[PDB]
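One chain comes next, on its own, written as structure tokens: the form deposited in one PDB entry.
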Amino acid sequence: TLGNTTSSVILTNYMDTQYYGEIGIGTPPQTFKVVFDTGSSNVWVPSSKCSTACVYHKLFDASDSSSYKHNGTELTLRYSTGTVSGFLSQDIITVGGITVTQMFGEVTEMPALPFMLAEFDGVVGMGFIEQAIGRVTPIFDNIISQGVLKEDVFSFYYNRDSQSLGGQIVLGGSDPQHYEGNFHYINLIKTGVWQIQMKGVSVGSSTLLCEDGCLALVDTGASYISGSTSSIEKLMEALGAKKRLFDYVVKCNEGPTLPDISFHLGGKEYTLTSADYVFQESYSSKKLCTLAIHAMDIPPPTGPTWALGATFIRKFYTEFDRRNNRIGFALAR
């Protein structure tokens, strides 16, 4: 029918690392907490057929759904900690009011890491079919198909942690209340991945990395800003940060004095100040403070690349444009 629709999905912000909203699967709807991930293209939730990370999440019960259509084809999703395994199923999925018949994964095996830490149940991949495992049609392609959206775009707002809004996803447009000024666009290197060309990473007023150009994946599913092990070893050396097992730290008192970090994308320099990347949990010289920048070695074909996750998105309201194959950034509000 008439496409003037702009569906808003409200997100919960858990500790500035997990941003999740709800979806409803089946007849009647079974609700799930999901992360909306531009870095992946498959929809998956835990199955009732799950034996132990599962135990801790909401399980989908096909036997309680009148709209369910069996499939059973094996689904295997590679994560950096191991495999998320299950089988395909088809059901009616509700997201921000829009209902679509979707092929999704009913997960029967999850690695304990990171899933034991997850406040959310499953994943809703906002990526392209080119990266969908089993060539399964992604949710956004199916929403596009309905011809309901105002524009063939979706936007992300991630807040900084009080009864305030954790985040928001607008399907069919952007929310001007959550951004200031106008959007600056960067075309995708190629369709099939939410990845753009990056022309430099600067510490202060000097380009220290990516001087000859590199790739930047705009990943809403990633908690932090990430680079390859070698890029982050060099960047952390420049910042004077020290490696620990899972992160890099600075003495808490040294944190507010850390230089600005800039990402050269399109015609602009996108700047993050120390307040945007330091988890300032204290101001003590006797305590250590974590950085919201990590090393993540993304495997080919997508990698090696940088990934602009929640750390970048909190600063810059992001619009994913499928009609035009571009990403737009505006300063978040």
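Rigid core (definition): largest C-alpha set, two forms, superposition within 1.5 Å. Sequential numbering from 1, following the sequence displayed.
Form deposited in another entry: not shown, discussed below.
Only one of 81, 187, 253, 99 has its Cα shifted by 2 Å or more between the shown form and the other one after fitting on the core, and that residue is 81. Superposed on the core, the two forms differ at residue 16: its CA moves 2 Å or more between the shown form and the other one. With a cut-off of 2 Å and the rigid core superposed, residue 129 has a Cα displacement that falls short of the cut-off between the shown form and the other one. After superposing the rigid core, the C-alpha of residue 213 moves by less than 2 Å between the shown form and the other one. Cα of residue 81 to Cα of residue 215: at least 3 Å longer in that other deposited form than in the shown structure. By 3 Å or more, the C-alpha separation between residue 276 and residue 15 grows in that other deposited form relative to the form shown here.
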